[PDB]
Amino acid sequence: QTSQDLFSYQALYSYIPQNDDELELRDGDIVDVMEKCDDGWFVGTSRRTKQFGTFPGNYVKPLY
């Protein structure tokens, strides 16, 4: 409302971590950004096993 947090996104497809900082992403997974990187990607926590990994925020889309 006034404060307003960040938002959640639903992933287009599944993603496999290449870096130990990245998140294991599954098709249609929801992500919430832990921190925004000004280079274009965010950190995020997976709805699956509640793990937090970073990956492109333009790789995921608004919740369907």
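- For this entry, the PDB record names solution NMR as the structure determination method.

### A word on the packing of aromatic side chains
Step number 1: This model, assessed by the stated rule, comprises 3 aromatic pairs.
Step number 2: With centroids separated by 5.0 Å and ring planes inclined at 70°, the aromatic side chains of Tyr13 and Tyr59 adopt a geometry described as edge-to-face. Pair noted here: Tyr13 is in the loop between β1 (8-11) and β2 (30-36) and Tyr59 is in the loop between β4 (52-56) and β5 (60-62), with a separation of 46 residues, a long-range link.
Step number 3: When its relative accessible area of 44% is taken as the criterion, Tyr13 is described as partly exposed.
Step number 4: The structure contains a cluster of three or more aromatic residues connected by ring pairs, namely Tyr13, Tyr15, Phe55 and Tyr59.

### Looking at the pattern of salt bridges
Step number 1: Using the criterion set out here, one finds 3 salt bridges in the structure.
Step number 2: A salt bridge links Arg26 to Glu24, with the nearest nitrogen and oxygen atoms 2.8 Å apart.
Step number 3: For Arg26, a relative accessible area of 34% puts it in the partly exposed group.
Step number 4: Given a relative accessible area of 25%, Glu24 falls into the partly exposed group.

### Some thoughts on the sheet that holds β1
Step number 1: Strand order in this open sheet of 5 strands is β4-β3-β2-β1-β5, and the pairing throughout is antiparallel. Whereas interior strands pair on both sides, the edge strands pair on one side only; in this sheet they are β4 and β5. Sheet twist, expressed as the average angle between the axes of neighbouring strands with direction ignored, equals 50°.
Step number 2: Note: β1 against β5, 3 bridges, orientation antiparallel. For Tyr9, the partnering residue across the bridge sits in β5 and is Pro62.

About the thresholds
Residues numbered from 1 in each chain as written, not as in the entry; some residues may be left out. Heavy atoms only, no water. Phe/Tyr/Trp six-rings, centres within 6.5 Å; stacked < 30°, edge-to-face > 60°. Helix = DSSP H or I, 4+ residues; strand = E, 2+ residues; numbered from the N terminus. Buried < 20%, exposed > 50% of the residue type's maximum accessible area, 1.4 Å probe, protein only. Salt bridge = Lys/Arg side-chain N within 4 Å of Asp/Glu carboxyl O. Pairing = 2+ DSSP bridges. Axes fitted to C-alpha atoms, helices over the stretch in contact; angles between N-to-C directions.

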